[PDB]
Amino acid sequence: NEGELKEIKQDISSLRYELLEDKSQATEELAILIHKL
Amino acid sequence: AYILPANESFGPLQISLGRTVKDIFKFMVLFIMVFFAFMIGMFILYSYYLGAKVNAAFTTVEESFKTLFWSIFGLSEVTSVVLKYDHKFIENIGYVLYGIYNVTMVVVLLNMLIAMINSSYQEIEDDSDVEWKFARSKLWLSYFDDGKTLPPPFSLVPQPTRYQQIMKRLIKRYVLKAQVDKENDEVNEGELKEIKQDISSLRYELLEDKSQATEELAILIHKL
Amino acid sequence: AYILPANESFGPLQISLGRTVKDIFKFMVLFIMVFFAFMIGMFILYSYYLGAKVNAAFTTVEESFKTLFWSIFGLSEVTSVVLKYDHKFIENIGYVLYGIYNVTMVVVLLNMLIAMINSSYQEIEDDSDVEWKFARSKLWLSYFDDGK
Amino acid sequence: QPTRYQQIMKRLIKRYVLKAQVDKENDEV
Amino acid sequence: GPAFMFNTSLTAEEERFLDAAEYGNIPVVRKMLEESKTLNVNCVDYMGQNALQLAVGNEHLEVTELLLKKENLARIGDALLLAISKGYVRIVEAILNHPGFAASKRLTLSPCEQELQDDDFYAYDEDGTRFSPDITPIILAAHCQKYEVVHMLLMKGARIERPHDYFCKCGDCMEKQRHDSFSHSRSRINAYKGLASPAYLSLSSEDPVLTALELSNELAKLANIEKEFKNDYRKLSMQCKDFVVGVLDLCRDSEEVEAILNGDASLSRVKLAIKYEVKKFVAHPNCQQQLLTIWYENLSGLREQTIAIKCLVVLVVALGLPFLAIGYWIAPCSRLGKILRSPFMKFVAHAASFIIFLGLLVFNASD
Amino acid sequence: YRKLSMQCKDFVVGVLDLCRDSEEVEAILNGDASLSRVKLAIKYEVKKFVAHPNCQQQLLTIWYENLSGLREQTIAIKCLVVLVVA
Amino acid sequence: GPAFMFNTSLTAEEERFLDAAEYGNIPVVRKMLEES
Ligand SMILES: CC(C)CCC[C@@H](C)[C@H]1CC[C@H]2[C@@H]3CC=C4C[C@@H](OC(=O)CCC(=O)O)CC[C@]4(C)[C@H]3CC[C@]12C
Ligand SMILES: CC(C)CCC[C@@H](C)[C@H]1CC[C@H]2[C@@H]3CC=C4C[C@@H](OC(=O)CCC(=O)O)CC[C@]4(C)[C@H]3CC[C@]12C
Ligand SMILES: [Ca+2]
Ligand SMILES: [Ca+2]
Ligand SMILES: [Ca+2]
Ligand SMILES: [Zn+2]
């Protein structure tokens, strides 16, 4: 159905928000590491 | 047949019977033009032979009408054509015209029978049930008014209101139901492309994000 | 026809034949009301003309029934209407009523034929096979008990 | 350089392709 | 090569940019919009679609948000219609927040007011608009039945035209009819295709069932008047017909069924449905069960009896009809009176009287 | 070949279906008002092209050239004028 | 605009939260439930 496909599209959408924030966590972690340096 | 629609067994039959009567009226008009063609043509041929025929079939317009009409049901003899005189040319023309009339009549009937079957084959998926119940409900409503009490033979002797709240409930219920029924449609090839593009954009964001980490670690080495 | 369902070739035919007989019973009832309408109407018209007609067609109720019934198969002549007297008004009414009866009869038959075809067109995808095998299996079960 | 008939045909053909590609997107996946 | 060119040579900086925008290469488009100075955002591909129309078509919200911030971006008007057509709600919200729509009254003004000024706003190429010129965003949302998009535009104040009568003599209708008489007739159907959609009927008017019933009659009459577009109006009439049935199908208790059938118990909407031949509304089980209880008002036990028993009471009424009529005159209001006033009994009384009449006709010629 | 013939038949109908004003309908029907493409469609039996509502409304206006009021009259009135003409 | 309102003005903190919850913006909803 068109509703099931929307379930998968939303699946990807939630995955995008988790991964992009996870990449953002690495960038800020490396930032404070530079400050300690 | 007026009170027939009220019955569940015979209701649908009387409704479908009325449908065919309306349907065949158009086809009957076409046969009338064919019927009038041979009525005038054969009357002209046999008008001069009043006392020179086996029977009085096509002599007058009324009798020409009677002979041709009852030929529909096979109740008119072939001796309608035969002449007493030796005018075989006129007699054989009457044989051909009367023969062509019967053949043409069968063609018109065959077309009528086929056309209605095609119409009914395109009127499927539980419409007769709806058609009868609508006709029955019209019968019910005619007796709901209090005026028609006795039969004709014996009748000679002389801020928001509750409706708005209910409509709000049903309309909101409709939209949610409508959007769910939209989700039951088959997925198009365009929608799938929307998801494929979704993944495609996600790939370009993640790969660049990984590239940002690599270059950030590179400048960290330079500071080291 | 009782032992016919047991055959594979003739089993489905006898089952479908029984289906149409049940189906046309409802349509036959409607034609009975039409048949009774013209039987009473034409008998009333021609009851007074006993010795003033070509034949005794519509004179009595029994003969009015016989004339109208056999008009279904085209076995009744048009002289059923003709009168010996010069009462052309009554004779022409009989011509019209007898003519309308035949036309109405064809309409009822045409509706019956069409309605069953529509019913059968909506009874497809291998139901006759199931219908016959169920009827055959009922025949088999009646002989399984040891008493008979 | 182009006449009015050519401009109209260009409009309708371009309109056809866009409509045709949309109707392709309505096929079952 | 091709006889018709819909877009020359599309220099590599632009061709790479169009490829990035179409396939949602978000890092590249952000890089090019910011750093690049030799690229214009209005370059088009082989189909005459600029960057914005490509990103909206593929549902690239992040790319669209980047492009909308770029000044002097073209085809913003059509990009909304493309997003509305495909039901991209998030993109529609993104576009409607652009200064082109927030500052202007484009959503509120009528299509005729939009058409009097050329303004090339909803044009999607050098000449022409993607959909019909008279299809405003609210009409397009109604056509596609995007409930959320219709609701968003209704909040903005957009309403469908509600065109004049077919036999109208006003200056505007006279001018349109004399001008084209085919664009005008097509314009009428487009307005009616939006007025008759369920997404607009339920979200716009106070009484959607009453509005749909009236609009169902209005579109059915137009089919006979304008025979060339008979199928177009006949289909639009059915959309209104099955909206009322759809609403009726959702009732879950007698109070809700009362509101739908009785309107605001005189079955006003049942009479309208019969008058307008909305057969599925009258024949629906929810409607039939309501009529059936009125049909057997005081005949509680007679509701569930067999046909043979109901044929027995018809015979009993036929035999006792002279006595029942006499009893009714003597005691108009009693146990006999309430039963005799029941709608089923009054039908039996009329059926029984006619049977007696057929008895007298036959019995008259019994000799 | 019969299937390939239909693909060409419904392309012309598909293009005709997209016209949105009289000027566009004129170009499709009259070709480059002699209805050249309507004659070709009848000659080549492209029935859906001739029977399309866009094509029919164009022929209908030519059919009632100067009979503006007679276009919307009922059949009974149009049968009356046939008797009057007779 | 619409005759029937099924929900006013949905202040930005809530409208952003509803957008995050609907489209599965997991980091945002965790942030808002905790800090806000
Ligand atoms: C057998 C002879 C002597 C007389 C035949 C006359 C019939 C043709 C008439 C007389 C009474 C009529 C009946 C009167 C009562 C009813 C019940 C009526 O409603 C029902 O079927 C009961 C359920 C409901 O009313 O909802 C439908 C018509 C029917 C069968 C009528 C059908 C036609 C009937 C049987
Ligand atoms: C030819 C004249 C002289 C007599 C014709 C009489 C027939 C009408 C009767 C007589 C015997 C009957 C048959 C007796 C045996 C069988 C086998 C019976 O079962 C089978 O077909 C075999 C397979 C199985 O039983 O499962 C089906 C009915 C049938 C054909 C009967 C069909 C009707 C028959 C042929
Ligand atoms: Ca879909
Ligand atoms: Ca996306
Ligand atoms: Ca596909
Ligand atoms: Zn006007």
# chains A, B, ... in the order shown; residues from 1 in each chain; ligands from 1

$ residues_near_ligand --ligand "ligand 2" --cutoff "9 Å" --atoms "only C-alpha atoms and all ligand atoms" --output "PyMOL selection string"
chain C and resi 1+3-11

$ closest_atom_pairs --of "chain B" --to "chain A" --cutoff "12 Å" --atoms "only C-alpha atoms" --output "CSV"
residue,atom,partner,partner_atom,distance
B:179,CA,A:3,CA,9.5
B:180,CA,A:3,CA,7.8
B:181,CA,A:3,CA,9.1
B:182,CA,A:2,CA,7.5
B:183,CA,A:3,CA,4.1
B:184,CA,A:1,CA,5.1
B:185,CA,A:1,CA,5.5
B:186,CA,A:1,CA,4.8
B:187,CA,A:2,CA,4.5
B:188,CA,A:2,CA,7.8
B:189,CA,A:2,CA,10.7
B:190,CA,A:2,CA,11.1
B:191,CA,A:2,CA,8.2
B:192,CA,A:5,CA,7.8
B:193,CA,A:9,CA,11.0
B:194,CA,A:9,CA,8.7
B:195,CA,A:9,CA,6.0
B:196,CA,A:9,CA,9.3
B:197,CA,A:9,CA,10.5
B:198,CA,A:12,CA,7.8
B:199,CA,A:12,CA,7.4
B:200,CA,A:12,CA,11.1
B:201,CA,A:16,CA,9.9
B:202,CA,A:16,CA,6.7
B:203,CA,A:16,CA,9.6
B:204,CA,A:16,CA,11.4
B:205,CA,A:20,CA,8.0
B:206,CA,A:20,CA,7.1
B:207,CA,A:23,CA,10.5
B:208,CA,A:23,CA,10.2
B:209,CA,A:23,CA,6.5
B:210,CA,A:23,CA,7.5
B:211,CA,A:23,CA,10.5
B:212,CA,A:27,CA,8.2
B:213,CA,A:27,CA,6.8
B:214,CA,A:27,CA,10.4
B:215,CA,A:27,CA,10.8
B:216,CA,A:30,CA,7.8
B:217,CA,A:30,CA,8.1
B:218,CA,A:30,CA,11.5
B:219,CA,A:34,CA,10.1
B:220,CA,A:34,CA,7.5
B:221,CA,A:34,CA,10.8
B:222,CA,A:34,CA,11.7
B:223,CA,A:37,CA,8.8
B:224,CA,A:37,CA,8.8

$ write_last_selection --atoms "C-alpha atoms" --output "PDB file, in the first residue's frame"
ATOM      1  CA  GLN B 179      -6.570   9.776   4.652  1.00  0.00           C
ATOM      2  CA  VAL B 180      -6.410   6.148   5.802  1.00  0.00           C
ATOM      3  CA  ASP B 181      -8.198   5.055   2.621  1.00  0.00           C
ATOM      4  CA  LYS B 182      -5.661   7.107   0.670  1.00  0.00           C
ATOM      5  CA  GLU B 183      -2.930   5.061   2.377  1.00  0.00           C
ATOM      6  CA  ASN B 184      -4.590   1.884   1.043  1.00  0.00           C
ATOM      7  CA  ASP B 185      -3.992   2.835  -2.598  1.00  0.00           C
ATOM      8  CA  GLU B 186      -1.396   0.990  -4.504  1.00  0.00           C
ATOM      9  CA  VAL B 187       2.121   2.693  -4.389  1.00  0.00           C
ATOM     10  CA  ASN B 188       2.934   4.454  -7.650  1.00  0.00           C
ATOM     11  CA  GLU B 189       6.297   4.397  -9.486  1.00  0.00           C
ATOM     12  CA  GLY B 190       6.518   8.137  -8.736  1.00  0.00           C
ATOM     13  CA  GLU B 191       6.246   7.632  -5.022  1.00  0.00           C
ATOM     14  CA  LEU B 192       8.966   5.014  -5.066  1.00  0.00           C
ATOM     15  CA  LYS B 193      11.183   7.526  -6.879  1.00  0.00           C
ATOM     16  CA  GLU B 194      10.539   9.904  -3.973  1.00  0.00           C
ATOM     17  CA  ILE B 195      12.055   7.351  -1.588  1.00  0.00           C
ATOM     18  CA  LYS B 196      14.964   6.576  -3.918  1.00  0.00           C
ATOM     19  CA  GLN B 197      15.776  10.262  -4.065  1.00  0.00           C
ATOM     20  CA  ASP B 198      15.435  10.386  -0.294  1.00  0.00           C
ATOM     21  CA  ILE B 199      18.205   7.809   0.004  1.00  0.00           C
ATOM     22  CA  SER B 200      20.223   9.620  -2.630  1.00  0.00           C
ATOM     23  CA  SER B 201      20.165  12.866  -0.683  1.00  0.00           C
ATOM     24  CA  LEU B 202      20.978  10.976   2.499  1.00  0.00           C
ATOM     25  CA  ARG B 203      24.028   9.444   0.815  1.00  0.00           C
ATOM     26  CA  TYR B 204      25.416  12.852  -0.171  1.00  0.00           C
ATOM     27  CA  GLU B 205      24.957  14.206   3.360  1.00  0.00           C
ATOM     28  CA  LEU B 206      26.568  11.249   5.139  1.00  0.00           C
ATOM     29  CA  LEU B 207      29.563  10.895   2.809  1.00  0.00           C
ATOM     30  CA  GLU B 208      30.335  14.602   3.149  1.00  0.00           C
ATOM     31  CA  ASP B 209      29.901  14.319   6.925  1.00  0.00           C
ATOM     32  CA  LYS B 210      32.459  11.501   6.961  1.00  0.00           C
ATOM     33  CA  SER B 211      34.714  13.691   4.811  1.00  0.00           C
ATOM     34  CA  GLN B 212      34.437  16.471   7.406  1.00  0.00           C
ATOM     35  CA  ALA B 213      35.763  14.126  10.096  1.00  0.00           C
ATOM     36  CA  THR B 214      38.722  13.056   7.945  1.00  0.00           C
ATOM     37  CA  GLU B 215      39.829  16.623   7.200  1.00  0.00           C
ATOM     38  CA  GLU B 216      39.311  17.625  10.843  1.00  0.00           C
ATOM     39  CA  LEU B 217      41.644  14.823  11.929  1.00  0.00           C
ATOM     40  CA  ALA B 218      44.113  15.954   9.253  1.00  0.00           C
ATOM     41  CA  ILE B 219      44.494  19.470  10.665  1.00  0.00           C
ATOM     42  CA  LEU B 220      44.752  17.933  14.143  1.00  0.00           C
ATOM     43  CA  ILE B 221      47.824  16.015  12.959  1.00  0.00           C
ATOM     44  CA  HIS B 222      49.273  19.258  11.582  1.00  0.00           C
ATOM     45  CA  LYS B 223      48.860  20.900  14.993  1.00  0.00           C
ATOM     46  CA  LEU B 224      50.587  17.880  16.566  1.00  0.00           C
TER      47      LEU B 224
END

$ interface_residues --of "chain B" --to "chain C" --cutoff "7 Å" --atoms "only C-alpha atoms" --output "number ranges by chain"
B: 17, 20, 73-75, 117, 120-121

$ select_by_dssp --residues "chain F" --states "helix (DSSP H, G or I)" --output "short mmCIF file (atom, residue, chain, number, x, y, z; two decimals) with N, CA, C and O atoms, in the first residue's frame"
data_model
loop_
_atom_site.label_atom_id
_atom_site.label_comp_id
_atom_site.auth_asym_id
_atom_site.auth_seq_id
_atom_site.Cartn_x
_atom_site.Cartn_y
_atom_site.Cartn_z
N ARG F 2 -1.29 -3.85 -35.96
CA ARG F 2 -2.52 -3.27 -35.46
C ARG F 2 -2.30 -2.56 -34.13
O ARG F 2 -2.85 -1.48 -33.90
N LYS F 3 -1.50 -3.15 -33.24
CA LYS F 3 -1.16 -2.48 -31.99
C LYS F 3 -0.34 -1.22 -32.23
O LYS F 3 -0.58 -0.19 -31.61
N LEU F 4 0.64 -1.30 -33.14
CA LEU F 4 1.45 -0.12 -33.44
C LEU F 4 0.61 0.99 -34.05
O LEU F 4 0.91 2.17 -33.85
N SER F 5 -0.42 0.63 -34.81
CA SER F 5 -1.31 1.65 -35.36
C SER F 5 -2.06 2.37 -34.25
O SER F 5 -2.26 3.59 -34.32
N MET F 6 -2.49 1.64 -33.21
CA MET F 6 -3.20 2.26 -32.11
C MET F 6 -2.31 3.22 -31.33
O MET F 6 -2.80 4.25 -30.83
N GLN F 7 -1.02 2.92 -31.20
CA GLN F 7 -0.11 3.82 -30.49
C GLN F 7 -0.06 5.19 -31.16
O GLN F 7 -0.05 6.22 -30.48
N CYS F 8 -0.03 5.21 -32.49
CA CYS F 8 -0.12 6.48 -33.20
C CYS F 8 -1.50 7.10 -33.07
O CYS F 8 -1.62 8.33 -33.02
N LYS F 9 -2.55 6.27 -33.03
CA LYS F 9 -3.90 6.81 -32.95
C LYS F 9 -4.13 7.57 -31.65
O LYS F 9 -4.73 8.65 -31.66
N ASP F 10 -3.67 7.02 -30.52
CA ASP F 10 -3.90 7.66 -29.23
C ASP F 10 -2.82 8.66 -28.85
O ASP F 10 -2.95 9.31 -27.81
N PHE F 11 -1.76 8.80 -29.64
CA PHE F 11 -0.87 9.93 -29.44
C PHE F 11 -1.53 11.23 -29.90
O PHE F 11 -1.46 12.24 -29.20
N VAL F 12 -2.18 11.20 -31.07
CA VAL F 12 -2.87 12.38 -31.57
C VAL F 12 -4.00 12.78 -30.64
O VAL F 12 -4.23 13.97 -30.38
N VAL F 13 -4.74 11.79 -30.13
CA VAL F 13 -5.78 12.08 -29.14
C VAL F 13 -5.15 12.65 -27.87
O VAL F 13 -5.68 13.59 -27.27
N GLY F 14 -4.02 12.08 -27.45
CA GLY F 14 -3.35 12.58 -26.26
C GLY F 14 -2.93 14.03 -26.39
O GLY F 14 -3.05 14.81 -25.44
N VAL F 15 -2.41 14.41 -27.56
CA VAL F 15 -2.03 15.80 -27.78
C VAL F 15 -3.27 16.69 -27.81
O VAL F 15 -3.27 17.79 -27.25
N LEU F 16 -4.34 16.24 -28.47
CA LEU F 16 -5.56 17.03 -28.55
C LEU F 16 -6.15 17.26 -27.16
O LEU F 16 -6.71 18.33 -26.89
N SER F 22 -8.91 28.17 -27.34
CA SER F 22 -9.35 27.98 -28.72
C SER F 22 -8.19 28.09 -29.71
O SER F 22 -8.20 27.41 -30.74
N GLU F 23 -7.20 28.93 -29.41
CA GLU F 23 -6.07 29.07 -30.32
C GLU F 23 -5.30 27.76 -30.44
O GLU F 23 -4.88 27.38 -31.54
N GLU F 24 -5.09 27.06 -29.33
CA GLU F 24 -4.41 25.78 -29.37
C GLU F 24 -5.25 24.73 -30.09
O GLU F 24 -4.72 23.91 -30.85
N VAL F 25 -6.57 24.73 -29.86
CA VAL F 25 -7.44 23.77 -30.53
C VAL F 25 -7.46 24.03 -32.03
O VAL F 25 -7.55 23.10 -32.84
N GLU F 26 -7.38 25.31 -32.43
CA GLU F 26 -7.35 25.64 -33.85
C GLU F 26 -6.12 25.04 -34.52
O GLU F 26 -6.21 24.50 -35.63
N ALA F 27 -4.95 25.14 -33.87
CA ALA F 27 -3.73 24.62 -34.48
C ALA F 27 -3.77 23.11 -34.64
O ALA F 27 -3.30 22.58 -35.65
N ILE F 28 -4.32 22.40 -33.66
CA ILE F 28 -4.37 20.94 -33.74
C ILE F 28 -5.37 20.50 -34.81
O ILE F 28 -5.10 19.57 -35.57
N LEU F 29 -6.53 21.16 -34.87
CA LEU F 29 -7.58 20.72 -35.79
C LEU F 29 -7.35 21.23 -37.20
O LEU F 29 -7.39 20.46 -38.17
N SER F 36 -8.38 20.53 -41.60
CA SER F 36 -7.59 19.55 -42.34
C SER F 36 -7.35 18.29 -41.52
O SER F 36 -7.53 17.17 -42.01
N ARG F 37 -6.95 18.45 -40.25
CA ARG F 37 -6.65 17.29 -39.43
C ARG F 37 -7.90 16.53 -39.01
O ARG F 37 -7.82 15.33 -38.72
N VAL F 38 -9.06 17.19 -38.97
CA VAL F 38 -10.30 16.47 -38.71
C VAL F 38 -10.67 15.61 -39.91
O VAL F 38 -11.15 14.48 -39.75
N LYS F 39 -10.46 16.12 -41.12
CA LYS F 39 -10.71 15.31 -42.31
C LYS F 39 -9.76 14.12 -42.37
O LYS F 39 -10.18 13.01 -42.72
N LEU F 40 -8.48 14.33 -42.04
CA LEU F 40 -7.53 13.22 -42.02
C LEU F 40 -7.92 12.18 -40.98
O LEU F 40 -7.83 10.97 -41.23
N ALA F 41 -8.36 12.63 -39.80
CA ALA F 41 -8.76 11.69 -38.76
C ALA F 41 -9.96 10.86 -39.19
O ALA F 41 -10.01 9.65 -38.93
N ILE F 42 -10.93 11.49 -39.85
CA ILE F 42 -12.06 10.74 -40.39
C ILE F 42 -11.61 9.82 -41.52
O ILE F 42 -12.06 8.68 -41.62
N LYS F 43 -10.71 10.31 -42.38
CA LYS F 43 -10.20 9.49 -43.47
C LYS F 43 -9.45 8.28 -42.94
O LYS F 43 -9.58 7.17 -43.47
N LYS F 47 -11.05 7.59 -34.52
CA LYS F 47 -12.37 7.95 -34.01
C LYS F 47 -12.28 8.72 -32.69
O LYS F 47 -13.04 9.67 -32.47
N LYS F 48 -11.36 8.33 -31.81
CA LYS F 48 -11.23 9.04 -30.54
C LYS F 48 -10.75 10.47 -30.72
O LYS F 48 -10.99 11.30 -29.84
N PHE F 49 -10.06 10.77 -31.82
CA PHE F 49 -9.66 12.15 -32.10
C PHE F 49 -10.87 13.00 -32.47
O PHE F 49 -11.03 14.12 -31.96
N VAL F 50 -11.72 12.49 -33.36
CA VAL F 50 -12.89 13.25 -33.79
C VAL F 50 -13.92 13.33 -32.66
O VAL F 50 -14.56 14.36 -32.46
N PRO F 53 -14.08 15.57 -26.72
CA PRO F 53 -14.85 16.79 -26.43
C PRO F 53 -14.21 18.06 -26.96
O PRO F 53 -14.94 18.98 -27.36
N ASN F 54 -12.88 18.15 -26.98
CA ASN F 54 -12.23 19.34 -27.53
C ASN F 54 -12.53 19.49 -29.01
O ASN F 54 -12.72 20.61 -29.50
N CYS F 55 -12.56 18.38 -29.75
CA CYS F 55 -12.87 18.45 -31.17
C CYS F 55 -14.36 18.68 -31.41
O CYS F 55 -14.74 19.43 -32.31
N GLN F 56 -15.21 18.04 -30.61
CA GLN F 56 -16.65 18.16 -30.81
C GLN F 56 -17.14 19.59 -30.58
O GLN F 56 -17.96 20.10 -31.35
N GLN F 57 -16.65 20.24 -29.52
CA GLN F 57 -17.09 21.60 -29.24
C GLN F 57 -16.70 22.56 -30.37
O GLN F 57 -17.38 23.56 -30.60
N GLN F 58 -15.60 22.27 -31.08
CA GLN F 58 -15.22 23.10 -32.21
C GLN F 58 -16.17 22.90 -33.38
O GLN F 58 -16.59 23.87 -34.03
N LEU F 59 -16.52 21.65 -33.68
CA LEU F 59 -17.47 21.38 -34.75
C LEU F 59 -18.85 21.92 -34.41
O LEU F 59 -19.58 22.38 -35.29
N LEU F 60 -19.23 21.86 -33.13
CA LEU F 60 -20.56 22.29 -32.73
C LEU F 60 -20.77 23.78 -32.96
O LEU F 60 -21.85 24.21 -33.37
N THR F 61 -19.74 24.60 -32.70
CA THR F 61 -19.87 26.03 -32.94
C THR F 61 -20.00 26.32 -34.43
O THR F 61 -20.73 27.24 -34.82
N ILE F 62 -19.29 25.57 -35.27
CA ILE F 62 -19.46 25.70 -36.71
C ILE F 62 -20.84 25.19 -37.13
O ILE F 62 -21.45 25.72 -38.07
N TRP F 63 -21.34 24.15 -36.45
CA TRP F 63 -22.65 23.60 -36.78
C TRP F 63 -23.75 24.64 -36.59
O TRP F 63 -24.61 24.82 -37.47
N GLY F 69 -29.33 31.37 -30.47
CA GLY F 69 -30.35 30.96 -29.51
C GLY F 69 -30.81 29.52 -29.71
O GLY F 69 -31.24 28.88 -28.75
N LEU F 70 -30.72 29.01 -30.93
CA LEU F 70 -31.17 27.66 -31.23
C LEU F 70 -30.24 26.59 -30.68
O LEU F 70 -30.61 25.41 -30.65
N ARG F 71 -29.03 26.96 -30.23
CA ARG F 71 -28.08 25.97 -29.73
C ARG F 71 -28.60 25.29 -28.47
O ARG F 71 -28.45 24.08 -28.30
N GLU F 72 -29.22 26.06 -27.57
CA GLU F 72 -29.61 25.56 -26.25
C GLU F 72 -31.08 25.18 -26.17
O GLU F 72 -31.56 24.84 -25.08
N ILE F 75 -35.39 19.64 -27.69
CA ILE F 75 -35.66 18.88 -28.90
C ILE F 75 -37.04 19.21 -29.45
O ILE F 75 -37.24 19.28 -30.67
N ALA F 76 -38.01 19.43 -28.56
CA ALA F 76 -39.37 19.76 -29.00
C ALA F 76 -39.39 21.06 -29.79
O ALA F 76 -40.06 21.16 -30.83
N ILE F 77 -38.66 22.08 -29.32
CA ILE F 77 -38.56 23.33 -30.07
C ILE F 77 -37.84 23.10 -31.39
O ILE F 77 -38.26 23.61 -32.44
N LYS F 78 -36.76 22.32 -31.37
CA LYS F 78 -36.04 22.00 -32.60
C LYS F 78 -36.87 21.12 -33.54
O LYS F 78 -36.63 21.13 -34.75
N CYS F 79 -37.82 20.36 -33.00
CA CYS F 79 -38.77 19.67 -33.87
C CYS F 79 -39.82 20.62 -34.42
O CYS F 79 -40.33 20.40 -35.53
N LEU F 80 -40.15 21.67 -33.67
CA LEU F 80 -41.09 22.67 -34.18
C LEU F 80 -40.52 23.41 -35.38
O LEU F 80 -41.22 23.63 -36.37
N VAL F 81 -39.24 23.81 -35.31
CA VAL F 81 -38.64 24.55 -36.41
C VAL F 81 -38.49 23.66 -37.64
O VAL F 81 -38.55 24.15 -38.78
N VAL F 82 -38.29 22.36 -37.44
CA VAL F 82 -38.27 21.43 -38.58
C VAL F 82 -39.62 21.43 -39.28
O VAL F 82 -39.70 21.45 -40.51
N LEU F 83 -40.71 21.40 -38.50
CA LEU F 83 -42.04 21.49 -39.08
C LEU F 83 -42.26 22.84 -39.76
O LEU F 83 -42.84 22.90 -40.85
N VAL F 84 -41.79 23.92 -39.14
CA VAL F 84 -41.95 25.25 -39.72
C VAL F 84 -41.18 25.35 -41.03
O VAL F 84 -41.68 25.90 -42.03
N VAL F 85 -39.95 24.83 -41.06
CA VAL F 85 -39.16 24.84 -42.29
C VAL F 85 -39.85 24.00 -43.36
O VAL F 85 -39.89 24.38 -44.54
#

$ residues_near_ligand --ligand "ligand 1" --cutoff "8 Å" --atoms "only C-alpha atoms and all ligand atoms" --output "PyMOL selection string"
(chain B and resi 1+3-10) or (chain C and resi 33) or (chain E and resi 292+303+306-307+310-311+314-315+344+348+351-352+355)

$ closest_atom_pairs --of "chain E" --to "ligand 4" --cutoff "9 Å" --atoms "only C-alpha atoms and all ligand atoms" --output "Markdown table"
| residue | atom | partner | partner_atom_place_in_ligand_line | distance |
| --- | --- | --- | --- | --- |
| E:24 | CA | ligand 4 | 1 (Ca) | 8.0 |
| E:58 | CA | ligand 4 | 1 (Ca) | 7.3 |
| E:59 | CA | ligand 4 | 1 (Ca) | 4.8 |
| E:60 | CA | ligand 4 | 1 (Ca) | 4.5 |
| E:61 | CA | ligand 4 | 1 (Ca) | 5.9 |
| E:62 | CA | ligand 4 | 1 (Ca) | 7.8 |

$ write_last_selection --atoms "C-alpha atoms" --output "mmCIF file, in the first residue's frame"
data_model
loop_
_atom_site.group_PDB
_atom_site.id
_atom_site.type_symbol
_atom_site.label_atom_id
_atom_site.label_comp_id
_atom_site.auth_asym_id
_atom_site.auth_seq_id
_atom_site.Cartn_x
_atom_site.Cartn_y
_atom_site.Cartn_z
ATOM 1 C CA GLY E 24 19.797 16.296 -3.750
ATOM 2 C CA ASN E 58 12.266 15.239 -6.468
ATOM 3 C CA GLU E 59 11.213 16.327 -2.967
ATOM 4 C CA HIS E 60 14.478 17.779 -1.752
ATOM 5 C CA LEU E 61 13.444 19.962 1.180
ATOM 6 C CA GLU E 62 16.988 20.870 2.239
#

$ residues_near_ligand --ligand "ligand 6" --cutoff "8 Å" --atoms "only C-alpha atoms and all ligand atoms" --output "PyMOL selection string"
chain E and resi 163-165+168-174
